[PDB]
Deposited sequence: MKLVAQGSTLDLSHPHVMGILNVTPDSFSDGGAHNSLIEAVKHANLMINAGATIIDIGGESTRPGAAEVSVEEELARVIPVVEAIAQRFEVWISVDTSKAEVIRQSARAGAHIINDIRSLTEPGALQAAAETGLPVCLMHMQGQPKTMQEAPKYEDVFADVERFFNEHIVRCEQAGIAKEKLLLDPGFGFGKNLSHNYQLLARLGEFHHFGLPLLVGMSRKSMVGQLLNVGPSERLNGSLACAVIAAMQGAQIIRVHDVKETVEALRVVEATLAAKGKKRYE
């Protein structure tokens, strides 16, 4: 399983760590330093997000960071934006993945992302009757909605959306059955770092959630999750390195 963008490929046969880069001045250089740390720590992908905010107020916070990382480093760039103009601008700047939090449901965003030809990540968004069935239902509706706009299935990513409209029970039901989402034949991206799953369960502050976030990242990687979006890249890369050695000695790709 691969992912093609901007002439380069991303071999998703092993777990990748996605570093979080928030830009919401010296921030251009201060974010490049933060990108340099995560890349040295082992981050293959860097998620850039700067979000209300005007289209002009957002293009100036995202584009120079996308160009700087794409010109100075060799890592994939995913942009978290819902505006159709930022999506079209980021692709020409050097971005590799469109990781919209609203799944391109904004006016023109789906059409703009179809023009770029870049991979797109669909994430479940919202009480449920069966949160797994709803996330499955969300994935089927928007896979067709992207195939209608010319976006091929090969350039799609699925994200269950941990912590977005879900309580602690809904999140761990998806974490327990995360490997079951592999029937779509698409890569899985999960973001669980420093979230309320670890906070509510452990009753700790947002700075004391590394131990639980590492456990969530390992549990996800043991089920074949291809991309793990974390804040603590160095600790997550070391944790996934043990998962890679375990899965290598198993021959299979995941546990079920």
| Unmodelled stretches of the deposited sequence, numbered from 1? | 25-33, 61-67, 143-152
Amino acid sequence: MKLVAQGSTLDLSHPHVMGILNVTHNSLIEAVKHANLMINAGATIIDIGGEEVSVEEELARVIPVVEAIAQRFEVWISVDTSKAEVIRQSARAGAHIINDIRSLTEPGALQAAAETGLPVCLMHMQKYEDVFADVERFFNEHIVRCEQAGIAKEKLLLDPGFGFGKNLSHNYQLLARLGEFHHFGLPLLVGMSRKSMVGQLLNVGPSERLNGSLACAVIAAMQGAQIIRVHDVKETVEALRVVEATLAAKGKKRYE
From here on, numbers count along this sequence of modelled residues.
| query | Where do the C-alpha atoms have the higher mean temperature factor in this entry, in 111-119 or in 156-164? | reply | 111-119
| request: Could you settle it for me: does 71-79 or 135-143 have the higher average Cα B factor in the PDB entry? | output: 71-79
| remark: Looking only at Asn211, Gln226, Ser27, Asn40, the Cα with the top B-factor belongs to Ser27
| query | For the listed residues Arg88, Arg177, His182, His96, which one has the largest C-alpha B-factor as given in the deposited model? | reply | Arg88
| task | Pull the Cα B-factor of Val204 out of the PDB entry and bin it into the chain's lowest, middle or highest third. | result | highest
| How does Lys127 rank on Cα B-factor within its chain, lowest, middle or highest third? | highest
| said: Lowest, middle or highest third: which one holds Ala31 when the chain's residues are ordered by CA B-factor from the entry? | reply: middle
| Can you tell me which third, lowest, middle or highest, the CA B-factor of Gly191 falls into for its chain? | middle
| request: Ordered by C-alpha B-factor within the chain, which third holds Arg102? Give me lowest, middle or highest, please. | output: lowest
